[PDB]
Amino acid sequence: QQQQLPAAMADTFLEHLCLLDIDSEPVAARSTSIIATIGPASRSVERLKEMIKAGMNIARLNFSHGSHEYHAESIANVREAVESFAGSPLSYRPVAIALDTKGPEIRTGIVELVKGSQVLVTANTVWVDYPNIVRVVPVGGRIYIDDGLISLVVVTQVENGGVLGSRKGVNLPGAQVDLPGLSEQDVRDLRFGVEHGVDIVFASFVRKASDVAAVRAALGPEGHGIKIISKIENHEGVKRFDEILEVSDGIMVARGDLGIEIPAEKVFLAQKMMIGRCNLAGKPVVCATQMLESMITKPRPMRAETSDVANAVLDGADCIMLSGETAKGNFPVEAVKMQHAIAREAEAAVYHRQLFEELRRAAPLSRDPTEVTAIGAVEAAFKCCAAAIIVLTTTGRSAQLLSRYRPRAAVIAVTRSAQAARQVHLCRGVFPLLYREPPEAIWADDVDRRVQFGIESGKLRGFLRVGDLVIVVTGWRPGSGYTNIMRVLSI
Amino acid sequence: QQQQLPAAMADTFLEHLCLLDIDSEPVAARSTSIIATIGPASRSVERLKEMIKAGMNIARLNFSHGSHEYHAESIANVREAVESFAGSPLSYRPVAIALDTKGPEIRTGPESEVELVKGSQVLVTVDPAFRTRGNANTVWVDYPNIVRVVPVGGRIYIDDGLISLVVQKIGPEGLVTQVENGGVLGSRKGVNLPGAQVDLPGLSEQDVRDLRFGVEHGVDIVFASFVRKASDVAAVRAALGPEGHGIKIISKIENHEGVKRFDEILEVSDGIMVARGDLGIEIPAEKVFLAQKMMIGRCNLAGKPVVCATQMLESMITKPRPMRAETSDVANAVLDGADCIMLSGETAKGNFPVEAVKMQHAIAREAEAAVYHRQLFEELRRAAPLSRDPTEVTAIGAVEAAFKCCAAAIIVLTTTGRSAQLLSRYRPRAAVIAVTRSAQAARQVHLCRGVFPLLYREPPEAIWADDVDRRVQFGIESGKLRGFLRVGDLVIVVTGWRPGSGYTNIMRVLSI
Amino acid sequence: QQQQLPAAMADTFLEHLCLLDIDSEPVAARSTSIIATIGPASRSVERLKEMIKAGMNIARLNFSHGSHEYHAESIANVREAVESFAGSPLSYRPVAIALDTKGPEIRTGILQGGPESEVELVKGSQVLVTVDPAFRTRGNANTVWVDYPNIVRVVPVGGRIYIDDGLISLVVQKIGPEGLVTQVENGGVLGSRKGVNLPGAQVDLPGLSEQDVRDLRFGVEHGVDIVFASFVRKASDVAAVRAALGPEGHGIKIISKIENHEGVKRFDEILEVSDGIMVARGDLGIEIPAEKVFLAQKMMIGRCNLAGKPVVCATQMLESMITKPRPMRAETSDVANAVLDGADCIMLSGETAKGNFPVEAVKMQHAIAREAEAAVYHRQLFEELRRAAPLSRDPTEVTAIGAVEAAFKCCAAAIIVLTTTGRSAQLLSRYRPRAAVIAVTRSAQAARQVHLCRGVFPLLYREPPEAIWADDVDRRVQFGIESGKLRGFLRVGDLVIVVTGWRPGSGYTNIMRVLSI
Amino acid sequence: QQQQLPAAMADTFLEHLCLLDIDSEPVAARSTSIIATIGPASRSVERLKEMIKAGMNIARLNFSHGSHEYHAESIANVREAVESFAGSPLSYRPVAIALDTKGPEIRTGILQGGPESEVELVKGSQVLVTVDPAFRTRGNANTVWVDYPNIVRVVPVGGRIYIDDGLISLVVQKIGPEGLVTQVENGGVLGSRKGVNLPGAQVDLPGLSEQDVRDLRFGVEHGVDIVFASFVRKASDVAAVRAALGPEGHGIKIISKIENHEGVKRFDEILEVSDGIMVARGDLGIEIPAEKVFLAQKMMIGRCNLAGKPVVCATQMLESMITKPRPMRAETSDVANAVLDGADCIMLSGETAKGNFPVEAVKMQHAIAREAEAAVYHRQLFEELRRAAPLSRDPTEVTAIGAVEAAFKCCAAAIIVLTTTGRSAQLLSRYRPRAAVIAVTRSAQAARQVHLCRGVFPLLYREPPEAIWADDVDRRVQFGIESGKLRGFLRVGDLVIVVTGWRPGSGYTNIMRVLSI
Ligand SMILES: [K+]
Ligand SMILES: [K+]
Ligand SMILES: [K+]
Ligand SMILES: [K+]
Ligand SMILES: [Mn+2]
Ligand SMILES: [Mn+2]
Ligand SMILES: [Mn+2]
Ligand SMILES: [Mn+2]
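Protein chains in written order, with the UniProt record's numbering: chain F, 57 to 166, 175 to 186, 197 to 228, 237 to 573; chain A, 57 to 165, 171 to 573; chain U, 57 to 573; chain G, 57 to 573.
Below you can see the structure in the form of C-alpha cells.
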C-alpha cells in the first residue's frame with residue numbers, strides 16, 4: 057500500500073518498525089509546520105515567495121540581531137510575498153510571524177585564544203555585555219563562548243581554545259544568573275511586536291513561570307491574542323518545565339543554548355521528555371537549532387541531519403525550525419524543501435495505533451463539549467480512513483483540540499480570523515483556511531457555506547477526492563466556545 | 057533514582073518519554089560497541105592505546121584505500137596497542153578487527174581541487190590517455206561501462222552525492238553532460254549511478270585478494286560492500302575459503318536493491334551494516350531513516366548484530382564538539398536498536414579521533430538507560446517463535462531471572478559466543494560477561510549489544526567441574542575489578558552440562 | 057465510588073479483579089434483557105403484569121408443548137398485560153414475543169396403559185429400543201419405542217442413548233434384527249413420549265417438519281417478533297425458516313439455537329445468516345460432553361460480540377428456583393458470568409413456565425445482571441472491539457463509534473438515538489457503551505426487537521409527525537430526555553450524546569451532538 | 057491443535073474467547089486440586105479408594121458434626137485407602153487431610169422426638185425463638201430452639217433471623233421474657249440442628265470456643281495437614297488458631313475461611329497472616345446479599361493470586377448431584393469459572409459427604425477442571441502476574457520465574473522441582489506455568505500440603521540418601537522423570553525444566569536446567 061499502511065496495522069512497535077517500506081510513497085499533506093528564520097539570505101520578497109512554495113509556515117524574526125527598522129522591512133516583505141497569492145482564496149497560504157526575543161543573551165564585542181594563556185574578562199581580552207559577570211563567576215569557574223567551543227576558567239585561564247569572531251555566545255553554568263529574563267530592550271522589542279502585529283513570541287531563556295508573566299505583561303493589553311512560546315535554553319528551565327508549560331501557550335526546545343548549558347549527551351533526553359509532555363498537555367512544541375546546518379554551505383544534508391528531522395517528528399514535535407540554514411546560508415529554499423520532504427515520510431511512519439491509544443489513555447476525563455466532540459471526531463475519522471476533519475473555529479481552539487489527538491486525517495480549519503489562521507500552524511496537522519465572505523442573513527446557511535468552502539478548497543489542493551468521507555465539526559450557536567457537533571459526510 | 061528507573065517503570069511509551077530525567081546518571085557499562093575506522097589519524101600505536109581506553113571495541117580496515125602492506129601495519133599496531141594491557145587479565149579489553157571490502161566502487165581519476178561550475182559542461186572520459194588529465198571540464202573515471210549504462214537524461218553523482226551530472230549527449234568519445242549541483246571536486250572520489258544497472262560484480266579479482274589477505278592475517282569480521290543478494294555473500298564465504306569458516310560476515314546494505322532483498326540477505330549473513338553513506342545517494346535522502354529503522358527492527362527480531370554507520374559525527378572531523386543533530390543521531394541509533402555504531406572520517410583522518418570515540422561512548426550510555434526495556438523485552442518474547450534449543454531456552458530464562466532481581470550481570474561461559482549471542486538477543490539490562498578461551502570468539506562478540514568479553518588464559522584443570530568454577534570466579538573477579546559488580550549484587554550464571562560447544566543448558570542465581 | 061468505578065479504572069484485568077467492591081452499588085438501568093418462558097405458572101394476565109414490573113423484556117412461547125389456541129391465549133394475555141401500562145408513554149415498557157420452534161424432536165412412545173403412567177429403568181438391566189411400529193404403545197420395564205426408525209441404524213455397538221431430558225442413558229451392547237439390545241447406564245423414572253438425544257452419531261431428520269411450518273405460519277399471523285429456531289445445524293436450516301416465514305414476515309428476527317455438535321462446528325456459517333444466536337445449553341449439554349459447554353458458550357458469545365449480533369444464554373441458569381425462593385451459589389455465578397462473558401440476553405424456562413417462583417426468578421436475574429454489568433472491564437472490552445472491528449464506511453457505524461467514544465469521555469448518562477429499524481441503536485450497542493442507549497422510534501415492532509441488543513432501552517413514540525421535519529426531530533429527542541428523567545436514567549447536569557440523521561427515512565444516521573440536561 | 061492452543065495464541069482476550077474449541081481435547085494433568093468432604097457416603101475404605109482414583113486430593117473433616125472418635129475413624133480410613141497404593145511409588149497419590157473448624161456457628165435444636173423428621177414453619181404464622189434449656193429437644197412448627205443464649209439480646213425489633221441455608225426467614229416483632237416472638241417471612245420444611253445466621257446484628261461469639269480448641273488439639277494429635285478456620289474475621293482470629301495449634305503444629309497450614317461481611321472487609325489483613333483463603337460461599341451467601349458473592353469470590357481469588365497463596369472456592373458448586381447423576385447447566389459453569397477465576401482448589405460438601413453420587417461428583421469436577429485449565433488465557437495471565445509481582449531478591453523466587461519463562465518458550469511438558477517444604481514448588485505455581493510442576497520431596501507432609509497449590513503434582517520419595525549428595529539429587533530428578541513418564545505427563549522427546557539448589561536443606565533453591573527426555 058501507501059502511507060506505510062502495512063506498518064500502521066502492525067500489532068506491536070517492533071512489528072511496525074519491521075514493516076516500514078521505502079517504496080511506500082507518502083500521500084498526505086505534511087503536518088509538521090516549518091519555521092524559517094529570516095536573514096540576509098531570505099529577506100528579498102522574491103526569495104520569500106519561493107520559500108512559501110517550498111513550504112515555510114512561520115517566519116522567525118531574530119531580535120538577537122538587526123534593528124527595529126531592519127525587522128519592519130522583514131515583516132513588510134513577508135506580508136508582501138504572502139499577499140502575492142491572494143489571487144486565489146482556495147490556494148492562499150497564511151504565514152505566521154514570530155518575534156524571537158533577545159533576552160539575557162551574553163555576547164562578546166567586536175585572533176586565536178591559546179589554550180593555557182591568561183585571558184581577561186572586563197587575543198587575551200574579551201569584553202562582555204554583562205557587567206555583573208564579575209559578580210557571578212567565582213574562582214575555579216567556567217565561562218563558555220561562541221557555541222560552547224571556547225572554554226574559560228576563572237582572571238581566567240583558557241581550558242579550550244578556539245577561533246573567535248565578533249559578538250558571540252556566552253554561557254555561565256553552575257552560577258545562577260541574576261540577569262533578568264527581560265531587559266529594557268526585550269520590553270521595547272515586545273512593544274514593537276504588538277505594534278506590527280506579530281503573531282507569536284518565542285521567549286528566550288525562560289527559567290520560570292514569572293518569566294512568562296513578564297512577557298505577557300510587557301506585551302500589554304493590545305496583545306492578549308499573541309501566543310507565547312517559551313524557549314527552554316538551560317538546566318533550570320528544564321528543571322521547572324512543568325510550571326513553565328502550565329503558563330506558556332507551548333514550548334521551544336532550544337537545542338543551541340541548551341546544548342551548552344547541559345552536557346551534549348543529554349539534550350536528547352530533554353528533547354524527548356519535553357515533546358512527550360507537550361504532547362500529553364496538548365500544546366505546540368517546536369524542535370530547533372542545527373537540524374540541517376551542513377546545508378548552510380552544501381546542497382545536500384548529512385546523514386545525521388536527515389535522521390534528526392525524522393526523529394523530531396517521530397518524537398512528536400509540532401514544528402521544526404531552521405536558523406542559519408535560512409537566514410544566512412547559500413541554500414535557504416533547498417533547506418526548506420528538505421524538511422518538507424523528510425517530514426512527510428516521518429509523518430507516515432508515526433505508529434498512530436500506539437499513539438492515539440496512549441493519548442486517549444492519559445488525557446483525563448473532560449466535560450468541555452469541545453473536547454468531547456474532538457475526540458469523538460478523531461475516533462470517527464480513524465474508523466473510515468476519513469481524508470479530513472473540517473472544523474469551523476474562531477480562535478483555533480477547536481482545531482487545537484482535534485490536533486491534540488493526532489488524527490491522521492487532516493484538520494482543515496475554517497476561520498474568519500486572519501490571526502487565528504496564522505497561529506494555528508503551531509498545531510501539527512492543522513491546515514487553516516481564511517474565509518473572506520460577509521456573513522449570510524441566516525446563521526445556518528452561513529455555517530453551510532463555510533463547510534462547503536472547506537470541502538471545495540479541500541478538493542482543490544488535493545486533500546480530498548470524490549468518494550472520500552470527511553468528518554465535519556461545528557457548534558450549536560455563533561461565537562466561540564460552543565463547538566459541540568460532529569457529522570459524517572461523503573464528498 | 058538512576059538509569060532512568062522512573063521512566064523504566066512507566067505503563068506506556070508516552071509516559072516513559074515524559075519521565076526521562078537529565079539528572080538521572082547512567083550507571084552501567086555501555087553496551088553499544090563502537091567501531092572506529094583506522095586511518096592516518098589513528099594508526100600510531102600510542103593513538104591506538106588512547107582509543108582503546110576511550111572505548112573502541114572494533115577496528116575497521118577500509119580496503120577502499122591503502123595497500124596490503126599498509127593494512128598489515130594497521131593490523132600490527134592494533135594488535136600491539138591491544139597486547140599492551142595484557143599485563144592484567146581482569147582488565148584486558150579484546151578488540152575486533154574488521155576488514156571492510158572495496159566492492160563495486162567507482163572512483164574519479171593529488172591536495173588539488175578542480176571546481177565544477179554550476180550549469181557548465183562536463184565530459185566523463187574513461188580513456189587511459191585521460192587517467193589523470195581531469196580539469197574544469199574533464200573527469201576520468203575507473204568504470205569503463207559508465208558510457209554504456211547511463212542513458213541521456215540519466216544522473217551521475219560524484220563525491221558523497223554532493224556533485225551532480227545529467228547526461229545529455231551520448232557520443233563517439235564519451236559522456237557529454239551538464240553540472241546540476243556544482244562544486245569543488247577532489248582527487249579520487251566515489252561515483253554513484255542511480256537507475257543504472259551497474260553490471261560490475263559484487264566481487265572483483267581484488268576483493269578476492271583482499272579477503273584472502275583477510276584470512277592470512279586473521280581478521281575477525283568482514284564488512285562486505287554493496288551486498289545486493291544472498292549469492293553476494295555466498296561469493297564472500299567462498300573467497301574466504303575453508304581457512305576462514307570462523308569469520309563473521311556482515312553485509313553492508315548500500316542501495317535500493319539490497320534493501321528490497323533484505324530478508325534473503327539477512328538469512329545468510331551473520332549480521333547487517335546499514336551503510337547510510339552510499340544508501341544516502343542511491344535512494345532519496347528523506348528515506349534512509351525508514352531503511353535504517355526497518356533493518357534494525359528486523360535484525361533485532363532475527364537475533365543478529367546490526368551496525369549503524371557513516372556520518373553519525375562528521376562535524377568532529379574538524380571540531381571538538383558535535384552538532385545538535387549528530388548527538389541525537391547516535392541516541393536514536395541506539396534507541397532504534399543498533400548493536401554497533403561506527404565512525405569513519407571521524408577516526409581515520411579527522412583532528413579529533415579519540416574525542417569522537419569518547420562522545421559516542423558518552424551518548425550511548427545515556428540512550429542505553431533510556432531504552433524502554435519493559436516494552437522492548439515484552440515485544441521480543443512475543444515475536445520470537447517457540448524454540449527447542451536448550452541454549453535459547455536457558456538464555457530467555459536467564460534474561461527473565463535477571464530482570465526480576467535487577468541482577469548486575471549475566472555471566473556466561475561460551476566457546477563460540479553463541480551462548481552470549483542468544484542472551485543479548487533479548488536485550489537484558491544486566492551486562493553479559495562472556496568468558497571464553499577463544500581469543501577470536503572474544504573479539505567477535507563485540508558485534509552483540511551488551512556483551513562484554515573476557516579472555517581466559519589458564520590451562521584447564523584436571524577436574525572439569527573445577528575448571529568451570531574458576532572460569533565463573535574469573536568472571537566475577539574481573540567483574541568486581543571493572544565496576545560491573547559490587548558486593549551484594551546478584552548475578553545470573555549460565556553454564557552447560559558437558560564440555561565443548563552447543564550444550565549450554567543451566568542457569569544459576571548467585572550473590573556476590 | 058459506585059458502579060465499580062475504581063475497578064473500571066484499573067490498568068489490567070487482574071488489578072481490575074482485585075478492585076471489585078461489594079459495597080459499590082450499581083447505578084444504571086440493567087442492560088441484559090431477560091427472556092421469560094410462558095407456561096401454566098406465568099400465563100395469567102395478572103401474573104404477567106408482575107413479571108413486566110420485575111423486568112421481563114421478552115416472552116418465550118415454547119412450541120414444544122401446547123396447541124395453537126393455547127399459544128394464542130398466551131400471546132393475547134401478554135399483549136393485555138403489556139397494554140395495561142400504556143396509561144403513560146414515558147413509562148411504558150414494550151415486550152417482545154418470541155416463538156420457539158419445536159424442530160426435530162425424537163420421542164419415545166405412549167406408555168403401556170397410560171399417558172400419565174411411569175415406568176422405572178433399573179440400572180444395569182437389559183433394555184430394548186425398537187422401531188417396530190406395533191409397540192409404539194406397549195413400552196415398559198425392559199422396552200422403549202422411539203419414533204426415529206434409523207436409530208437401529210446409526211448407533212454403534214457401544215453407543216449411548218439419552219432419554220428424558222438426558223437423565224436416562226443406554227449403551228448398545230448387541231445390534232438386533234428388531235431393536236437395539238442395550239444396557240441401562242443411568243437409571244431413572246420413564247414417562248410417556250419423552251426426549252432422546254444421540255451424540256456422536258449423525259441424525260438426518262429434517263430441521264423443519266410439516267408442524268414447524270404450520271407453527272411459523274401461526275407465528276406470522278399473530279405477529280410474533282422473534283423466532284428462536286431449534287436445532288439449527290447449517291445455513292440452509294435458517295433459509296428454511298425464512299422461507300416458511302413467508303413474505304408477510306421479512307421483519308421477524310431469526311435467532312438460531314445451537315443445540316448440538318454440528319451446529320457448533322458450523323457456527324460461523326450459521327451466524328452469517330441468522331440475526332443472532334441462542335446458546336441452547338440444554339440439548340447442547342447432552343449432545344456434547346457436559347464439561348465442554350462452557351467452551352462452547354464462551355466461544356459463541358465472543359463471536360457474536362465480535363459480529364455485533366445479539367446472543368442469548370439459556371437453560372438451567374436458575375433451576376433450583378422452580379422449587380425454592382433462593383438460588384444456589386452456582387446459579388448466581390452462572391448468571392453473572394453469562395453477563396460477563398458478553399451475553400445479550402439471559403433466559404428462564406422452567407423457572408418461569410411451571411415453577412412456584414416465576415416473578416422471584418425474574419427479579420433475581422435482574423438483580424444479578426445489574427451487578428455483573430457494572431463489573432465489566434469496559435477499558436479492555438471497548439479497546440478490543442475497536443481493535444478487531446474492521447474499518448467501515450457506513451456513516452451509521454462511523455457515527456456510532458464516535459458517539460460511543462464521546463460518551464466515555466464525559467461519563468455521559470446516555471446516548472439517545474432516533475431509529476426506524478433499530479439498526480442505529482444496534483450499532484451503538486455493538487461497542488458496549490456504559491451509558492444507556494435510549495432508542496426513540498415510531499415502530500412498535502422495532503421497539504420490541506431492540507431488547508435483543510444489550511443496553512438498549514426502547515421508547516415508543518406516539519405523536520403524529522410535525523409539519524417541519526426539523527421540529528419533529530427535536531420533539532423526539534426531547535421526548536427521549538423527558539422519559540429519561542422520568543425513569544431515573546438522567547439527572548439535571550448530566551451530559552447526553554444525541555444521535556440523529558440528515559434526512560427522514562432509515563439508513564442515513566450521521567450526526568452526533570453533545571447536550572447538557 | 058489440542059489444549060486450546062489456537063486460543064492460547066490469540067492476541068486479545070476477545071479473540072481468545074472466539075477460538076475456544078469444543079473438539080480440542082485437553083491433554084495435561086488437571087491442576088486444580090479437589091477437596092472432598094468426608095461423610096456417611098464417603099467413609100468406607102472402599103469408597104475412599106474409588107474417590108482417590110477419581111481425583112480426590114484433599115479430605116475435608118467437618119467438625120461441625122460428628123465426634124472425636126467419629127473423625128479418628130474418618131482419618132484412619134483415609135490413611136488406609138491411601139496406603140493401599142503404596143504398592144508402587146511411581147504411581148502413589150498422597151492425600152491431604154484437612155480439619156474444618158466449627159467456630160461461632162448457631163444451630164436450631166433437635167426436633168420433637170424427630171431425628172430424620174421435619175416440620176413446616178408456615179408462611180405468616182407465629183414463631184417463638186427460645187433459649188430455654190428445656191426446649192432444646194422440643195422443636196416444632198410454632199417453636200424453634202436456638203443454641204445461642206444471647207440471641208434474645210442482639211436481635212432488636214424488625215431484625216431478621218434466617219434458618220437452614222437461609223431458606224427459612226423470621227421477622228422479630230416481639231420481645232418476650234422467655235423468648236423472641238417472631239413472624240415467619242420465608243416459610244418451609246425445617247429439619248434438625250440446622251444453621252442460623254443473623255445479618256445486621258454483630259455476633260459477640262468468639263472465633264474460638266473451648267470446643268474449637270479441643271478440636272484443633274485433636275488435629276495436632278492425629279496430624280491433620282491443614283486447618284480450614286471457620287468465620288475468620290480478623291488477623292487475631294488466626295493468631296488464636298496458630299496458638300491453640302501449639303508448637304507441636306507449626307507445620308500445619310492455616311486456611312482462613314471468609315464467611316461474612318467483616319472478613320471480606322478485612323481481607324487484606326487476614327491474608328497477610330493466613331497461609332491461604334477459602335471463599336466460603338455458603339455462610340457468605342447469607343451474610344451478604346446473594347447478588348454480591350461473585351464480586352467477593354472474584355476479588356479474593358484475584359488477590360490471593362497476586363499474593364501467591366492458595367485460594368479455595370467452595371460450597372454448592374455441584375449440589376444437584378447430591379441426588380442426581382448429572383450436574384445442572386449452572387453448576388458446570390460454576391466450576392469452570394472458579395478455575396478461570398483463578399482458584400487453586402474447588403470443593404464438595406453434601407456432594408461427597410452424604411449424597412448418592414460421591415464419586416460421580418469428584419469425577420465431574422475433574423473433567424470440568426481439565427477443560428477450564430486449558431481455557432486459561434496464559435498469555436494475559438502470566439504477563440499480569442509478572443507485571444504486578446514486586447521485584448525480589450529471594451534466589452528461590454528468581455529461579456522460579458526464570459523456570460516459568462523457560463517452560464513457556466519450549467512448551468515444556470513439566471517443571472520438576474526438588475522441594476523440602478514445598479516452598480520451591482509453591483513459588484513456581486504462583487506464576488501459573490502451563491507445564492506441570494512435578495514436586496519431588498521426602499516429606500510425606502509436604503507432599504500432602506502441596507495440593508493446595510494449582511498444578512503441583514507431588515511425588516513422595518522413599519529411598520535412603522546416597523553417599524554422594526550430587527548423586528542423591530540426580531536420582532531424585534530421575535525419579536521425577538520416571539514417575540512422570542509412567543503417568544503420562546511426559547513423553548520421549550519432550551523438554552523438561554528441572555529446578556534444584558546448590559546445597560542440602562531447605563531455603564537454597566537457585567538452579568534451573570533444561571533437559572530433553
Ligand atoms: K533570540
Ligand atoms: K569500504
Ligand atoms: K423447542
Ligand atoms: K464448619
Ligand atoms: Mn538561545
Ligand atoms: Mn559504502
Ligand atoms: Mn432444545
Ligand atoms: Mn460455613
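Note that CB positions come from ideal geometry on N, CA and C, so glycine has one too.
For residue i, decide whether its Cβ has a neighbour in chain F, counting only Cβ atoms nearer than 8 Å.
i: U/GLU453; result: yes
i: U/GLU461; result: yes
i: A/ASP390; result: yes
With a cut-off of 8 Å, does the C-beta of residue i fall near any C-beta of chain U?
i: G/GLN168; result: no
Mapping DSSP to helix, strand and coil, what is residue i?
i: U/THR388; result: helix
i: F/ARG103; result: helix
i: G/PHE287; result: coil
Compare the C-beta of residue i with all C-beta atoms of chain G and state if any pair is closer than 8 Å.
i: A/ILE457; result: yes
i: A/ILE567; result: yes
With a threshold of 8 Å between beta carbons, is residue i in contact with chain A?
i: G/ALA63; result: no
i: residue 588 of chain G; result: The structure shown has nothing for residue 588 of chain G, since chain G only spans 57 to 573.
Residues near ligand 7, criterion Cβ-heavy atom distance below 7 Å: U/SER286, U/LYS313, U/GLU315, U/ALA336, U/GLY338, U/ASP339
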